[PDB]
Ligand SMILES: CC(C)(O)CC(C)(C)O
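So this first bit is one chain, no partners, the form solved without the ligand, shown in structure tokens.
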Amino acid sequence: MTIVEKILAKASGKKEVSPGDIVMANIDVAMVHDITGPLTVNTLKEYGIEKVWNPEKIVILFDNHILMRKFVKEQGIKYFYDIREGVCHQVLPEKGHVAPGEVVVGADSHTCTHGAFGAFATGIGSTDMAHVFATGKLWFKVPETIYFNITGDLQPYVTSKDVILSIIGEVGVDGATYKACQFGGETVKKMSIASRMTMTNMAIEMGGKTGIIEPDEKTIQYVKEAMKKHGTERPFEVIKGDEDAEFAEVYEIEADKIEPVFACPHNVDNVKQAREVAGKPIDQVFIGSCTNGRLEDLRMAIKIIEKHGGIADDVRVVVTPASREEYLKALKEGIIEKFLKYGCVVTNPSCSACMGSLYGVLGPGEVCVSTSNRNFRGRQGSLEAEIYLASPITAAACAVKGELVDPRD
């Protein structure tokens, strides 16, 4: 019985569960952000429930507005954050709302990110969310874990981004469909929580239901620290998979021979190695995202840039910390100013002037190296623009030379 299965078993209140089995599980936290909030509320009452189940288990996002204020006020909803905590998923675990062995549901597709914390985390539609708000439970078709056992040491200039991009590259946009992608092995236990978030975030890009990574005391340290800092403290159990569990499509990845890659334009899953496509000129580099937007990413990228002393002219470098906290960390550490001084522009996620700038919008015939999730046509701009995906290191290197690279050159 897998970790996702022990989670769904404890949640449903069953003592055993199989893949394909269908259960009613209790929700630990539910999150709504933009359109889905108003939708969920209206959809919530044309039905007639006047009380949400647990006003402290719902997390909402703010900046028509009126229904949402009045909803949070009419309910007892304690956790509601402004959009200047950052547009990404970072906020939810940052404040300690995601603990191991928990069932987390959210409006956004990439809620799967929180699987990094050893919780079962999924995006759901508006109606499902309305049910959750009403009953604090939801139906789940119990998935199957496909286990990716990653062992070996990451070579220099190689990040979990290259790892997950390679994995996606051999499994295609599908899949990994009705199934949960579970990452493990020594290479996974060695990487940081940030690095794990990078992978779990991109799980659904394989068409996966969610990514999940088993917890260890990096996970514990993170969660406990966040909980004490934000007063979101609450007991949790550490649910981890048994060797008594079986997996559709166990893969084996060895991080030794993984080298810096690219997700080449319009599709995430093609994934050609850096050397092959190297040399093509680029007019923009986008560093930071929900995928790699955290402190370690900024740190390695600015390290690369700094060592070679600045960026190529006639290239637009855009640096976007995943959240306000991450931004403040990078600020306090001098990283933000190093970026600024080298000619990059940094978007302060709490600044509307920063957030509304069109400076990073790709025009026709423009090439961009991005550290984000998605390279499909028209994503960052014109549909006649193309987008390569990379780790912060590879991206930084591209910003240094001003065309497509392999970080070691």
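Heads up: residue numbers just count along the shown sequence, starting at 1. Think of the rigid core as the biggest set of C-alphas that the two forms share within 1.5 Å after superposition. Residues that one form lacks are left out of the comparison.
This protein has a second form, the form solved in complex with the ligand, left out of what is shown; the following refers to that one.
> Given a 4.5 Å cut-off on heavy atoms, tell me which of 198-206, 108-116, 284-292, 71-79 is the interface stretch with the ligand in the entry with it bound.
Flagged stretch: 284-292.
> Does the ligand come within 4.5 Å of any heavy atom of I66 in the entry with it bound?
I66: no, not in contact with the ligand in the entry with it bound.
> Verify the contact flag for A11: yes if a non-hydrogen atom of it lies within 4.5 Å of a non-hydrogen atom of the ligand in the entry with it bound, no if not.
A11: no, not in contact with the ligand in the entry with it bound.
> Tell me, yes or no, whether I35 is in contact with the ligand in the entry with it bound, where a contact means a heavy atom of each within 4.5 Å.
No - in the entry with it bound, heavy atoms of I35 and the ligand never come within 4.5 Å of each other.
> Going by a heavy atom distance of 4.5 Å, is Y359 a contact of the ligand in the entry with it bound?
No, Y359 stays farther than 4.5 Å from the ligand in the entry with it bound.
> Looking at the ligand in the entry with it bound, do all three of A353, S370 and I387 come within 4.5 Å of it through at least one heavy atom?
The answer is yes: all three residues contact the partner (heavy atom, 4.5 Å cut-off).
> Would you indicate which listed residue, out of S350, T43, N54, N26, moves its Cα by 2 Å or more between the shown form and the other one relative to the superposed core?
So the residue whose C-alpha moves 2 Å or more is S350.
> How about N292 - superposed on the rigid core, does its CA move between the shown form and the other one by 2 Å or more?
Where the cores coincide, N292 still shows a C-alpha shift between the shown form and the other one that is 2 Å or more.
> With both forms fitted on the core, check whether the Cα of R377 differs by 2 Å or more between the shown form and the other one.
Yes, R377 moves 2 Å or more.
> What direction does the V400-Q380 Cα distance move in the entry with it bound compared with the shown chain, closer or farther, given a change of 3 Å or more?
The answer is farther, because the C-alphas of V400 and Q380 separate from each other in the entry with it bound by 3 Å or more.
> Any idea whether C351 and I335 get closer or farther by CA distance in the entry with it bound, knowing it moves 3 angstroms or more?
Here the pair is closer than in the entry with it bound; there, farther apart.
> In sequence order, what stretches of at least three consecutive residues shift by 2 Å or more at the Cα level between the shown form and the other one, with the rigid core held as reference?
After superposing the rigid core, the shifted stretches between the shown form and the other one are 290-292, 348-360, 373-381.
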